[PDB]
Structure formats: structure tokens, C-alpha cells
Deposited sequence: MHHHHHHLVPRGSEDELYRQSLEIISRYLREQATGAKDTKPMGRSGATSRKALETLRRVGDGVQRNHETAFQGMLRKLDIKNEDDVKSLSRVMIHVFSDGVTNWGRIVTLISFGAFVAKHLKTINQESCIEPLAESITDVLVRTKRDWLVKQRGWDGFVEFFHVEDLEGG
């Protein structure tokens, strides 16, 4: 399942570098990461209040808290329209949570969070993603 692997590589590396502040299909992945670095940080900067309010309401302190997020992520992501904008918001909130997790020394929860967001995205919408040319469509879309 190469789309799952490529989606996990991009989302994992984005969340990890947002948390740590430090950088680590080859071509697409690096272009897709570069785009998140641009659109993702814009989303977080622009929606800091809603993100912080949501995170405080979710009360995320440990691996059990993070593992219980998948349902609400699937409900909210599936509830609305599929477009790259809503995909980026999902990944941006993930990054915002990864940062919180690093702050409170729960950095070991960042990987299951990235796997959880990848499962949401690839398991609700792999057809749409295939039709859009997967990560190629994302890079063309955003530049």
C-alpha cells in the first residue's frame, strides 16, 4: 500500500519537525513536505485560538488520550466536503497537537498521532486521493 506509506512519511516528518523545530516518489514527498511547511504553518498561525480551544477541550496528556482521537477525527473529516484545504487543516491540527505533546515530554505519542491521521485520511478517502493523483495533485494544487 504505497499511498499509505507515502502519506505516513510526509505527515510523520511534518509533525516531527514541527514538534522538534529541526528537519531530518522521493521528489513528490519533499515537494509535499515543503508545501505543508508553507500552508500548514499559515493554518496554525491563522487559527491559533480555535486550535488551542479545541486542544484544551480534548485534554491530551498521554498515549491513551491520543489513541481515542481517531473516531472524532473520522467523524469531523468525513462530515464535511473533501478538498485539499480540509486535508491540510487535519494535518495542521495534528502538528499543533504534536507541539503540545513535545512541550509536556510526551514526544513518543507523535508517531501514533501521525499514524492515526494517516489512517483517517487514507481509510475515509483513498479513492478521492487516487482520483486527484494523490500527493502529485496536492503539490500541483498548492503550487
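Several segments of the deposited sequence have no coordinates for C-alpha: 1-14, 39-44, 164-170, numbered from the first residue.
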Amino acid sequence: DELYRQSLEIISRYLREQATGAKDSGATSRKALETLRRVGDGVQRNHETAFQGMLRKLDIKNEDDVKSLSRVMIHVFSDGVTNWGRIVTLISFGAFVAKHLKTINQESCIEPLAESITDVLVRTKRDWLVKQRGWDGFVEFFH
From here on, numbers count along this sequence of modelled residues.
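We call the rigid core whatever largest set of C-alpha positions still superposes within 1.5 Å between the two forms.
Here the rigid core sets the fit, and in 8 other deposited structures of this protein the C-alphas of 60-68 stray farther than those of the other stretch, out of 99-107 and 60-68.
RMS Cα deviation from the shown model in 8 other deposited structures of this protein, rigid core fit, is larger for 71-79 than for the other stretch of the pair 71-79 / 86-94. Here 85-93 and 40-48 are compared by their mean Cα B-factor, and 40-48 comes out higher. If you average the C-alpha B-factors over 63-71 and over 28-36, the higher value belongs to 28-36. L15: CA B factor in the lowest third of modelled residues in this chain (values from the PDB entry).
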